[PDB]
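Data block for protein26.cif (mmCIF, C-alpha atoms and all ligand atoms):
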data_structure
#
loop_
_atom_site.label_atom_id
_atom_site.label_comp_id
_atom_site.auth_asym_id
_atom_site.auth_seq_id
_atom_site.Cartn_x
_atom_site.Cartn_y
_atom_site.Cartn_z
CA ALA A 2 102.52 143.64 107.76
CA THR A 3 103.79 140.36 109.31
CA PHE A 4 105.76 138.88 106.40
CA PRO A 5 105.61 141.61 103.71
CA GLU A 6 107.94 139.99 101.16
CA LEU A 7 106.27 136.59 101.43
CA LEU A 8 102.75 138.00 101.16
CA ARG A 9 103.50 140.17 98.06
CA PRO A 10 102.07 139.31 94.58
CA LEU A 11 104.34 137.60 92.02
CA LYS A 12 104.34 137.46 88.24
CA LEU A 13 104.65 133.72 87.29
CA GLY A 14 104.36 132.82 83.63
CA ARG A 15 101.11 134.30 82.38
CA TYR A 16 99.69 134.68 85.92
CA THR A 17 100.12 137.05 88.83
CA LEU A 18 99.97 135.12 92.07
CA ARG A 19 98.20 136.85 95.03
CA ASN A 20 101.12 135.93 97.34
CA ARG A 21 104.36 133.86 97.45
CA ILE A 22 103.08 131.06 99.70
CA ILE A 23 103.07 128.06 97.41
CA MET A 24 101.40 124.74 98.13
CA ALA A 25 103.89 121.91 97.45
CA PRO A 26 102.80 118.77 95.47
CA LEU A 27 101.60 116.20 97.93
CA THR A 28 100.64 112.63 97.19
CA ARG A 29 97.70 111.71 99.42
CA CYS A 30 96.41 108.61 97.51
CA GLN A 31 92.70 109.60 97.20
CA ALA A 32 92.10 108.17 93.71
CA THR A 33 90.60 104.77 92.77
CA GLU A 34 92.93 101.71 92.63
CA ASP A 35 91.32 100.59 89.34
CA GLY A 36 91.40 103.55 86.95
CA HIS A 37 93.35 106.00 89.11
CA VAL A 38 90.35 108.29 88.96
CA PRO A 39 90.31 111.22 91.42
CA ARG A 40 87.68 110.65 94.15
CA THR A 41 86.02 113.99 93.53
CA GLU A 42 84.12 113.94 96.80
CA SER A 43 87.24 114.27 98.94
CA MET A 44 89.81 115.84 96.56
CA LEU A 45 87.49 118.70 95.59
CA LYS A 46 87.01 119.68 99.28
CA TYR A 47 90.72 119.23 100.08
CA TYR A 48 92.00 121.50 97.29
CA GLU A 49 89.19 124.04 97.39
CA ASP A 50 89.88 124.52 101.12
CA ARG A 51 93.50 125.39 100.23
CA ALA A 52 92.70 127.76 97.33
CA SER A 53 93.97 130.85 99.21
CA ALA A 54 97.55 129.67 98.40
CA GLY A 55 99.54 131.74 95.94
CA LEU A 56 99.52 128.65 93.72
CA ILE A 57 98.57 125.08 94.30
CA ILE A 58 100.79 122.44 92.80
CA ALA A 59 98.50 119.39 92.66
CA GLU A 60 99.99 115.95 93.61
CA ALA A 61 102.07 113.71 91.29
CA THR A 62 99.67 112.41 88.71
CA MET A 63 100.45 109.51 86.28
CA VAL A 64 101.13 110.07 82.60
CA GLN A 65 101.51 106.35 81.62
CA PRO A 66 98.48 104.09 81.94
CA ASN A 67 98.68 101.91 85.08
CA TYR A 68 102.27 102.74 85.82
CA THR A 69 101.53 103.28 89.53
CA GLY A 70 104.11 104.06 92.19
CA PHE A 71 101.67 104.95 94.96
CA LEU A 72 98.90 102.38 94.47
CA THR A 73 96.09 104.93 94.50
CA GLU A 74 97.40 108.13 92.89
CA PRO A 75 95.46 109.85 90.17
CA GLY A 76 96.23 109.81 86.42
CA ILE A 77 95.68 112.41 83.74
CA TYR A 78 95.64 110.01 80.74
CA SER A 79 91.99 108.93 80.58
CA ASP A 80 88.72 110.71 79.86
CA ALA A 81 87.32 109.56 83.22
CA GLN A 82 90.28 111.19 85.06
CA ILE A 83 89.99 114.49 83.09
CA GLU A 84 86.28 114.77 83.94
CA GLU A 85 86.91 114.55 87.72
CA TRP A 86 89.91 116.89 87.61
CA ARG A 87 87.88 119.48 85.66
CA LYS A 88 85.44 119.63 88.67
CA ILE A 89 88.31 119.97 91.11
CA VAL A 90 90.01 122.78 89.11
CA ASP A 91 86.66 124.68 88.70
CA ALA A 92 86.23 124.70 92.50
CA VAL A 93 89.77 126.20 93.06
CA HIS A 94 89.09 128.77 90.35
CA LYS A 95 85.77 129.70 91.97
CA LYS A 96 87.76 130.71 95.12
CA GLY A 97 90.09 132.75 92.84
CA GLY A 98 93.03 130.30 93.22
CA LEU A 99 95.60 128.99 90.72
CA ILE A 100 96.49 125.32 90.18
CA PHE A 101 99.31 123.52 88.23
CA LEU A 102 99.19 119.73 87.91
CA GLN A 103 102.42 117.82 88.66
CA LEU A 104 103.14 115.11 85.99
CA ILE A 105 105.08 112.00 87.03
CA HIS A 106 106.60 108.75 85.78
CA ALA A 107 107.58 106.54 88.71
CA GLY A 108 110.42 104.85 86.73
CA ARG A 109 112.13 102.18 88.83
CA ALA A 110 109.88 103.02 91.77
CA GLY A 111 106.88 101.45 90.08
CA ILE A 112 105.01 98.78 92.14
CA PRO A 113 105.97 95.40 90.58
CA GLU A 114 102.88 93.45 91.76
CA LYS A 115 100.64 96.02 90.00
CA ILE A 116 102.57 96.90 86.83
CA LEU A 117 103.81 93.38 86.00
CA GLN A 118 100.32 91.93 86.17
CA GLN A 119 98.89 93.71 83.13
CA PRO A 120 99.69 91.12 80.37
CA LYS A 121 102.75 91.74 78.11
CA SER A 122 100.99 92.19 74.73
CA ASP A 123 100.70 94.92 72.05
CA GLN A 124 98.43 97.94 71.60
CA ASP A 125 100.90 99.26 74.22
CA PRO A 126 104.56 98.08 74.00
CA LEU A 127 105.31 100.01 77.22
CA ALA A 128 102.59 98.22 79.25
CA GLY A 129 103.42 95.33 81.64
CA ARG A 130 106.99 96.43 82.15
CA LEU A 131 109.16 98.14 84.80
CA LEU A 132 111.07 100.93 83.03
CA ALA A 133 114.11 103.12 83.87
CA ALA A 134 117.38 104.58 82.58
CA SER A 135 119.39 101.46 83.64
CA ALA A 136 118.69 97.97 85.11
CA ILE A 137 119.68 99.15 88.63
CA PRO A 138 116.83 98.33 91.12
CA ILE A 139 116.38 100.42 94.25
CA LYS A 140 118.49 98.67 96.88
CA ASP A 141 118.09 98.34 100.66
CA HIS A 142 114.69 100.09 100.63
CA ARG A 143 111.29 98.50 100.65
CA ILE A 144 108.07 99.83 99.15
CA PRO A 145 106.35 101.47 102.16
CA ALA A 146 103.27 99.63 103.47
CA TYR A 147 101.02 102.57 102.51
CA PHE A 148 102.00 102.15 98.77
CA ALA A 149 102.36 98.36 98.60
CA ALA A 150 99.90 96.13 96.65
CA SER A 151 99.28 93.85 99.61
CA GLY A 152 99.22 96.49 102.35
CA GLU A 153 102.51 95.06 103.62
CA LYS A 154 106.05 96.22 102.67
CA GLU A 155 107.33 94.97 99.28
CA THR A 156 110.58 94.77 97.29
CA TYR A 157 111.19 97.11 94.34
CA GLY A 158 111.64 95.15 91.10
CA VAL A 159 114.37 95.11 88.48
CA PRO A 160 113.51 97.58 85.73
CA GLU A 161 114.14 97.35 82.01
CA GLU A 162 116.57 99.85 80.48
CA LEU A 163 114.52 102.04 78.08
CA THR A 164 115.79 102.20 74.51
CA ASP A 165 116.61 105.62 73.09
CA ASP A 166 113.66 105.08 70.74
CA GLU A 167 111.20 104.32 73.61
CA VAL A 168 112.31 107.46 75.51
CA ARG A 169 111.84 109.79 72.53
CA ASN A 170 108.80 108.13 71.02
CA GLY A 171 107.22 106.40 74.04
CA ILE A 172 107.85 108.37 77.25
CA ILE A 173 108.03 112.01 75.96
CA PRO A 174 104.63 111.96 74.13
CA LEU A 175 102.90 110.65 77.23
CA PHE A 176 104.08 113.78 79.15
CA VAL A 177 102.92 115.95 76.21
CA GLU A 178 99.47 114.33 76.01
CA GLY A 179 99.22 114.41 79.83
CA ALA A 180 99.93 118.10 79.78
CA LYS A 181 97.48 118.88 76.96
CA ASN A 182 94.85 116.84 78.89
CA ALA A 183 95.63 118.75 82.13
CA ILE A 184 95.54 122.19 80.52
CA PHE A 185 93.25 122.08 77.44
CA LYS A 186 90.63 119.74 78.76
CA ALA A 187 90.61 119.82 82.59
CA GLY A 188 91.32 123.58 82.73
CA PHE A 189 94.52 123.43 84.84
CA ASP A 190 96.44 126.73 84.89
CA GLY A 191 99.68 124.85 84.29
CA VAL A 192 101.79 121.73 84.76
CA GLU A 193 104.91 120.99 86.80
CA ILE A 194 107.37 118.43 85.35
CA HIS A 195 108.39 115.92 88.06
CA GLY A 196 112.13 115.95 87.75
CA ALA A 197 112.82 115.03 91.45
CA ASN A 198 112.76 112.52 94.34
CA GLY A 199 114.09 109.47 92.54
CA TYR A 200 111.40 109.20 89.84
CA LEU A 201 111.94 108.62 86.10
CA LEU A 202 113.35 112.04 85.28
CA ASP A 203 115.59 112.42 88.40
CA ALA A 204 116.86 108.83 87.67
CA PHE A 205 118.19 110.00 84.29
CA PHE A 206 119.53 113.25 85.84
CA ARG A 207 121.71 111.93 88.70
CA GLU A 208 124.81 109.65 88.32
CA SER A 209 123.85 106.83 90.72
CA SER A 210 120.83 105.65 88.71
CA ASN A 211 121.90 106.48 85.17
CA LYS A 212 124.76 104.20 83.88
CA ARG A 213 123.78 104.36 80.20
CA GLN A 214 126.95 104.19 78.21
CA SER A 215 125.87 105.86 74.95
CA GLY A 216 123.27 108.01 73.12
CA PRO A 217 121.55 111.34 73.88
CA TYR A 218 120.56 110.18 77.46
CA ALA A 219 123.89 108.71 78.54
CA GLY A 220 124.91 108.76 82.18
CA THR A 221 128.47 109.63 81.26
CA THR A 222 128.19 113.44 81.11
CA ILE A 223 126.30 116.18 82.91
CA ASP A 224 124.72 117.43 79.68
CA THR A 225 123.38 114.09 78.50
CA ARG A 226 122.01 113.35 82.01
CA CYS A 227 120.15 116.71 81.76
CA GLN A 228 118.68 115.86 78.36
CA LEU A 229 115.59 113.84 79.34
CA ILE A 230 114.52 116.58 81.78
CA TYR A 231 115.16 119.02 78.89
CA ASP A 232 113.38 117.12 76.10
CA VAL A 233 110.30 116.43 78.20
CA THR A 234 109.99 120.02 79.36
CA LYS A 235 110.68 121.44 75.86
CA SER A 236 108.13 119.17 74.13
CA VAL A 237 105.57 120.09 76.80
CA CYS A 238 106.30 123.85 76.42
CA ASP A 239 105.91 123.57 72.66
CA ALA A 240 102.47 122.07 73.02
CA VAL A 241 101.12 124.17 75.91
CA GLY A 242 103.21 127.33 76.11
CA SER A 243 106.26 127.74 78.41
CA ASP A 244 104.37 130.31 80.49
CA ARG A 245 102.19 127.45 81.78
CA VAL A 246 105.09 125.00 82.62
CA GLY A 247 107.14 124.55 85.81
CA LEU A 248 109.97 122.10 86.57
CA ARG A 249 110.82 120.48 89.93
CA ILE A 250 114.23 119.07 90.80
CA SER A 251 115.95 117.80 93.98
CA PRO A 252 119.71 117.74 93.38
CA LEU A 253 120.52 116.79 97.02
CA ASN A 254 117.66 114.46 97.94
CA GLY A 255 119.01 111.07 98.96
CA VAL A 256 115.74 109.06 98.76
CA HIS A 257 116.25 105.57 97.29
CA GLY A 258 120.05 105.99 97.48
CA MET A 259 119.97 108.75 94.83
CA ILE A 260 123.27 110.59 94.64
CA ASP A 261 125.25 112.64 92.18
CA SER A 262 129.00 113.12 92.68
CA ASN A 263 128.82 116.81 91.60
CA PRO A 264 125.37 118.24 92.42
CA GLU A 265 126.50 121.88 92.16
CA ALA A 266 127.91 121.53 88.66
CA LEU A 267 124.83 119.41 87.60
CA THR A 268 122.32 121.94 88.96
CA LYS A 269 124.09 124.94 87.49
CA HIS A 270 124.22 123.33 84.07
CA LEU A 271 120.59 122.32 84.19
CA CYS A 272 119.75 125.96 84.90
CA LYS A 273 121.63 127.35 81.91
CA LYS A 274 120.17 124.56 79.76
CA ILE A 275 116.53 125.38 80.60
CA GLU A 276 116.98 129.19 80.54
CA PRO A 277 116.04 129.47 76.82
CA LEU A 278 112.82 127.65 77.55
CA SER A 279 111.40 130.62 79.49
CA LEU A 280 109.59 128.40 81.98
CA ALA A 281 106.97 129.68 84.37
CA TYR A 282 109.29 128.65 87.22
CA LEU A 283 111.99 126.29 88.53
CA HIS A 284 111.04 124.64 91.83
CA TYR A 285 113.70 122.81 93.84
CA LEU A 286 114.19 121.02 97.11
CA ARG A 287 116.96 123.04 98.68
CA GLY A 288 118.27 119.99 100.58
CA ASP A 289 118.11 116.37 101.69
CA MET A 290 115.14 114.90 103.61
CA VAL A 291 117.68 112.63 105.28
CA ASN A 292 119.96 115.57 106.11
CA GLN A 293 123.00 113.90 104.66
CA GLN A 294 124.08 115.63 101.42
CA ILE A 295 124.79 119.30 101.91
CA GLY A 296 125.06 122.16 99.53
CA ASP A 297 123.52 125.55 99.18
CA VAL A 298 121.08 124.74 96.35
CA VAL A 299 119.45 128.14 96.91
CA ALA A 300 122.72 129.96 96.07
CA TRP A 301 123.46 127.64 93.08
CA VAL A 302 120.15 128.38 91.48
CA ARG A 303 120.28 132.11 92.34
CA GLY A 304 123.72 132.37 90.63
CA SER A 305 122.74 130.56 87.44
CA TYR A 306 119.00 130.98 86.77
CA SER A 307 117.21 134.23 85.93
CA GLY A 308 113.54 133.07 85.87
CA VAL A 309 111.23 132.47 88.84
CA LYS A 310 112.91 130.61 91.71
CA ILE A 311 110.64 128.50 94.06
CA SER A 312 112.44 126.80 96.97
CA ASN A 313 111.22 124.22 99.39
CA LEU A 314 112.07 122.09 102.46
CA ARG A 315 111.65 122.88 106.23
CA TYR A 316 110.80 126.54 105.69
CA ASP A 317 108.84 128.62 108.16
CA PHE A 318 107.24 131.98 107.29
CA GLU A 319 110.14 134.03 108.75
CA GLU A 320 112.92 132.20 106.82
CA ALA A 321 110.89 132.29 103.58
CA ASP A 322 110.27 136.00 104.06
CA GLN A 323 113.82 136.87 104.65
CA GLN A 324 115.21 134.74 101.79
CA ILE A 325 112.83 136.55 99.43
CA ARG A 326 113.82 140.01 100.91
CA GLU A 327 117.52 139.12 100.40
CA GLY A 328 116.71 138.19 96.80
CA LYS A 329 117.73 134.54 97.19
CA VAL A 330 114.38 133.03 96.15
CA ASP A 331 111.14 134.39 94.70
CA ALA A 332 108.58 132.14 96.44
CA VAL A 333 108.56 129.19 98.85
CA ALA A 334 106.51 126.02 98.62
CA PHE A 335 105.32 124.45 101.89
CA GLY A 336 104.43 120.77 102.18
CA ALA A 337 103.56 119.55 105.72
CA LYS A 338 102.22 122.97 106.75
CA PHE A 339 99.70 122.90 103.95
CA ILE A 340 98.69 119.38 104.85
CA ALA A 341 97.91 120.67 108.32
CA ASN A 342 96.61 124.17 107.59
CA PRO A 343 94.09 124.74 104.76
CA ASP A 344 94.17 128.43 105.85
CA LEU A 345 97.99 128.62 106.01
CA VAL A 346 97.96 131.89 104.02
CA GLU A 347 95.51 133.52 106.48
CA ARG A 348 97.60 132.35 109.44
CA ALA A 349 100.65 133.98 107.85
CA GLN A 350 98.62 137.14 107.27
CA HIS A 351 97.60 137.43 110.98
CA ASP A 352 100.62 135.55 112.38
CA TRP A 353 98.13 133.01 113.90
CA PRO A 354 99.48 129.77 115.42
CA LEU A 355 99.64 126.67 113.10
CA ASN A 356 98.04 123.22 113.35
CA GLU A 357 100.65 120.51 113.75
CA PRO A 358 101.04 117.91 111.00
CA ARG A 359 100.33 114.25 111.83
CA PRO A 360 102.59 112.14 109.49
CA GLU A 361 101.01 109.01 110.81
CA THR A 362 97.78 109.89 108.97
CA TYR A 363 99.26 111.33 105.70
CA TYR A 364 98.16 108.31 103.67
CA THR A 365 94.81 107.00 105.16
CA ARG A 366 92.80 107.07 101.89
CA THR A 367 89.95 108.40 104.13
CA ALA A 368 88.90 111.81 105.50
CA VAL A 369 91.05 111.13 108.62
CA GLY A 370 94.26 113.23 108.40
CA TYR A 371 93.16 114.57 105.02
CA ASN A 372 90.03 116.76 105.30
CA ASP A 373 89.74 117.02 109.11
CA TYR A 374 92.40 119.66 109.91
CA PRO A 375 90.31 122.68 110.95
CA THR A 376 90.67 126.33 110.00
CA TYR A 377 91.72 128.61 112.83
CA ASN A 378 88.58 130.88 112.92
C1 LIG A 401 102.77 112.91 102.23
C2 LIG A 401 103.74 113.57 101.30
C3 LIG A 401 103.49 113.49 99.95
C4 LIG A 401 104.38 114.09 99.05
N1 LIG A 401 104.14 114.03 97.71
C5 LIG A 401 104.94 114.62 96.79
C6 LIG A 401 104.65 114.58 95.34
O1 LIG A 401 103.60 113.99 94.98
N2 LIG A 401 105.49 115.18 94.50
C7 LIG A 401 106.59 115.87 94.94
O2 LIG A 401 107.38 116.46 94.16
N3 LIG A 401 106.93 115.91 96.25
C8 LIG A 401 106.12 115.35 97.21
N4 LIG A 401 106.42 115.44 98.57
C9 LIG A 401 107.57 116.26 98.93
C10 LIG A 401 106.89 117.64 99.27
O3 LIG A 401 106.39 118.26 98.07
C11 LIG A 401 107.84 118.60 100.01
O4 LIG A 401 108.96 118.79 99.13
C12 LIG A 401 108.31 117.98 101.34
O5 LIG A 401 107.21 117.81 102.24
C13 LIG A 401 109.31 118.86 102.08
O6 LIG A 401 108.60 120.10 102.29
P1 LIG A 401 108.15 120.57 103.75
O7 LIG A 401 109.39 120.56 104.60
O8 LIG A 401 107.61 121.94 103.59
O9 LIG A 401 107.04 119.64 104.15
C14 LIG A 401 105.54 114.86 99.53
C15 LIG A 401 105.80 114.93 100.92
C16 LIG A 401 104.94 114.30 101.81
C17 LIG A 401 105.21 114.42 103.30
#

Could you take the file, read its structure, and then write that structure out as structure tokens?
Ligand SMILES: Cc1cc2nc3c(=O)[nH]c(=O)nc-3n(C[C@H](O)[C@H](O)[C@H](O)COP(=O)(O)O)c2cc1C
Amino acid sequence: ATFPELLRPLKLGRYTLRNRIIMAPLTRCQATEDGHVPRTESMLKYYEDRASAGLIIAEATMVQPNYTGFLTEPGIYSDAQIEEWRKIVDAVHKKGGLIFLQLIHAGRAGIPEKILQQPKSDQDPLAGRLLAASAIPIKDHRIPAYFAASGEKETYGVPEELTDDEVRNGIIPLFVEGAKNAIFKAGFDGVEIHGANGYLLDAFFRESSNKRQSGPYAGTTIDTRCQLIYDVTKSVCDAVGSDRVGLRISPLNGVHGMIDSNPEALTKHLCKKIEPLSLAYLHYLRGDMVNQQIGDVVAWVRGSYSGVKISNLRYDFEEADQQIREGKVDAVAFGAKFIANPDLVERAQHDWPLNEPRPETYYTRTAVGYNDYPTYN
């Protein structure tokens, strides 16, 4: 067998995966701009073609109405959304695959020209507002043209600092409802909490974006920075069962100028803090997409977390295989390689050559660079 450790089944929460080749969450922007409804026609084909994966983690999907970071990403808050997702999940299950939905709040990376143009009036006190841990806008980065309202690069806006009461009673229940919608109604096998990549939860977790001076979510200690990640995940687990809940973090990922001054101590503490939750897994970016911050995230997690360990970032089959054989990680999620290879698992199984990804077409909103990468045959 080509990569015996990587191709071996894995117990994950209440499931047994067929293999340890995980499909990473990948925003591809194939939902409607109006109601963030999945465009079933394309998304069903896309995911069903990739259902040989050990597990699919579906793309970041909104929990708060209209709070869009990506212009055309899907939501999981409305009945319309749930109905299209249910059809997508049924098709993966028909192929025998497993699918978790990633749940996101874009925080300070929300698109100002979309969010700020729903009127500021009640029925929803969170609507019409940019929200984050602190009033610290993303600096010296522009909203990419493929996410921007216009279709041309835009400036991130200045967010409002969430009150302790809005976090506990405004943000957390949206994740809970989003997760119940995902699992109980659309039939998802699980949900992944989006604690990474500069979004709401990561922004509370790392020092650079959390300067709150007081309360349970303060920026002033490692434990209080961990608390929003904790409280969201815990409330979700209570409603849906911990065996159907994953968490993603990226303690070294410098997107949007995110940085913590002690990522090793932060990560290790997070691990001990979420241990009693008995999650289905912890999924982490082992590094920086920019290649600047360094640290062996794999070893930090291995030393302080005893549940399922899913790593990610510039893996190939051989590295994944050998990190699993050495006991460093339990599974590996692949991003770009799944974009380019719907039959990635088959290619591992016969060591077949791999299609090359084309980043230039990652976000077309059409079939081009989305559903046109062929299987090997
Ligand atoms: C087009 C694109 C969309 C992505 N969308 C998401 C997302 O929605 N949520 C998430 O946690 N990470 C997302 N990522 C990060 C990937 O999940 C993955 O961590 C990244 O591609 C690095 O993995 P790789 O080296 O295997 O591609 C995305 C990456 C790309 C290139």

Edge lengths and centre in Å, axis-aligned, ligand LIG 401 (chain A) plus 8 Å each side, as JSON:
{"center_x": 106.1, "center_y": 117.4, "center_z": 99.4, "size_x": 22.6, "size_y": 25.0, "size_z": 26.4}

Å distance separating CA of residue 4 (chain A) from CA of residue 100 (chain A), one decimal place: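 Interatomic distance here is 23.1 Å.
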
Listing only residues of chain A within 6 Å of ligand LIG 401 (chain A), what is the closest atom pair and its distance in Å (to one decimal) for each, using all atoms listed in the file, sorted by chain and residue number ascending, as a Markdown table?
| residue | atom | partner | partner_atom | distance |
| --- | --- | --- | --- | --- |
| A:25 | CA | A:LIG401 | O3 | 4.5 |
| A:26 | CA | A:LIG401 | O3 | 4.5 |
| A:27 | CA | A:LIG401 | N1 | 3.3 |
| A:28 | CA | A:LIG401 | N1 | 3.8 |
| A:29 | CA | A:LIG401 | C1 | 5.9 |
| A:60 | CA | A:LIG401 | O1 | 4.3 |
| A:61 | CA | A:LIG401 | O1 | 4.0 |
| A:313 | CA | A:LIG401 | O6 | 5.7 |
| A:314 | CA | A:LIG401 | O7 | 3.8 |
| A:315 | CA | A:LIG401 | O7 | 3.6 |
| A:316 | CA | A:LIG401 | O8 | 6.0 |
| A:335 | CA | A:LIG401 | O8 | 3.8 |
| A:336 | CA | A:LIG401 | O9 | 3.5 |
| A:337 | CA | A:LIG401 | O9 | 3.8 |
| A:363 | CA | A:LIG401 | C1 | 5.2 |

Nearest to residue 126 (chain A) by atom-to-atom distance, counting only C-alpha atoms, from A:57, A:172, A:32, A:223: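 Looking at the shortest contact to residue 126 (chain A), the residue is A:172.
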
Could you tell me how far CA of residue 334 (chain A) sits from CA of residue 12 (chain A), in Å to one decimal place?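 Spanning CA of residue 12 (chain A) to CA of residue 334 (chain A) is a straight-line distance of 15.6 Å.
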
Need to verify the contact set: region 76-89 of chain A, 6 Å, all atoms listed in the file, exclusion of same-chain residues closer than 6 positions in sequence. Can you return it as a list in words? residues 37, 38, 41, 45, 62, 63, 64, 179 and 187 of chain A

Would you mind listing what lies within 12 Å of residue 146 (chain A) as an MDAnalysis selection string, with only C-alpha atoms counted and same-chain residues fewer than 6 positions away left out? chainID A and resid 71:72 112 152:156 364:365

Per residue of region 57-107 of chain A within 12 Å of region 271-295 of chain A, record the nearest atom pair and its distance in Å to one decimal, counting only C-alpha atoms, with rows in chain order and ascending residue number, as a Markdown table.
| residue | atom | partner | partner_atom | distance |
| --- | --- | --- | --- | --- |
| A:58 | CA | A:284 | CA | 10.5 |
| A:101 | CA | A:281 | CA | 10.6 |
| A:103 | CA | A:284 | CA | 11.4 |

Can you spit out the residues from that selection as a PDB file, in the coordinates of the input, using C-alpha atoms?
ATOM      1  CA  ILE A  58     100.790 122.440  92.800  1.00  0.00           C
ATOM      2  CA  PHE A 101      99.310 123.520  88.230  1.00  0.00           C
ATOM      3  CA  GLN A 103     102.420 117.820  88.660  1.00  0.00           C
TER       4      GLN A 103
END

Between A:265, A:123, A:35, A:239, single out the one closest to residue 301 (chain A), counting only C-alpha atoms. A:265

Have a look at CA of residue 208 (chain A) and CA of residue 261 (chain A) and let me know their distance in Å, one decimal.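 So the answer is 4.9 Å.
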
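Minimum atom-to-atom distance to residue 192 (chain A), evaluated using all atoms listed in the file, belongs to A:99 out of A:231, A:166, A:99, A:142.
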
Using only C-alpha atoms, can you list as a list in words the residues within 7 Å of (111.2, 103.4, 91.7)?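 Every residue inside that radius is included here: residues 107, 108, 109, 110, 111, 139, 157, 199 and 200 of chain A.
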
Between A:21, A:257, A:46, A:51, single out the one closest to residue 138 (chain A), counting only C-alpha atoms.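 Counting only C-alpha atoms, the residue closest to residue 138 (chain A) is A:257.
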
Show me, as a ChimeraX atom specification, the residues that have an atom within 10 Å of residue 218 (chain A) when counting all atoms listed in the file, minus same-chain residues fewer than 2 positions from it. /A:134,164-165,168,205-206,211-216,220-230

Pick from A:251, A:312, A:73, A:198: nearest to residue 147 (chain A), with only C-alpha atoms counted?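 Smallest distance to residue 147 (chain A) is found for A:73.
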
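With all atoms listed in the file as the atoms that count, the minimum distance from residue 125 (chain A) to the choices A:304, A:113, A:171, A:160 is reached by A:171.
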
For region 123-134 of chain A, which lacks atoms in the input, supply N, CA and C atoms and format the output as a short mmCIF file (atom, residue, chain, number, x, y, z; two decimals), in the frame of the given file.
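Resulting contents of rebuild22.cif:
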data_model
loop_
_atom_site.label_atom_id
_atom_site.label_comp_id
_atom_site.auth_asym_id
_atom_site.auth_seq_id
_atom_site.Cartn_x
_atom_site.Cartn_y
_atom_site.Cartn_z
N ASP A 123 100.75 93.63 72.76
CA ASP A 123 100.70 94.92 72.05
C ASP A 123 99.35 95.67 72.05
N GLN A 124 99.31 96.79 71.33
CA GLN A 124 98.43 97.94 71.60
C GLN A 124 99.19 98.96 72.50
N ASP A 125 99.99 98.44 73.44
CA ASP A 125 100.90 99.26 74.22
C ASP A 125 102.18 98.48 74.55
N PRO A 126 103.25 98.70 73.76
CA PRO A 126 104.56 98.08 74.00
C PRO A 126 105.25 98.52 75.30
N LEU A 127 104.78 99.60 75.90
CA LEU A 127 105.31 100.01 77.22
C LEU A 127 104.60 99.36 78.40
N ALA A 128 103.40 98.82 78.18
CA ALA A 128 102.59 98.22 79.25
C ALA A 128 103.20 96.90 79.78
N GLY A 129 102.94 96.58 81.04
CA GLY A 129 103.42 95.33 81.64
C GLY A 129 104.90 95.26 81.97
N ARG A 130 105.56 96.42 82.01
CA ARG A 130 106.99 96.43 82.15
C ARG A 130 107.43 97.52 83.16
N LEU A 131 108.41 97.17 83.99
CA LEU A 131 109.16 98.14 84.80
C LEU A 131 110.22 98.85 83.97
N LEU A 132 110.19 100.18 83.95
CA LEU A 132 111.07 100.93 83.03
C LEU A 132 111.93 102.00 83.71
N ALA A 133 113.18 102.14 83.28
CA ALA A 133 114.11 103.12 83.87
C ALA A 133 115.25 103.39 82.93
N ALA A 134 116.17 104.27 83.37
CA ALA A 134 117.38 104.58 82.58
C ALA A 134 118.39 103.41 82.48
#
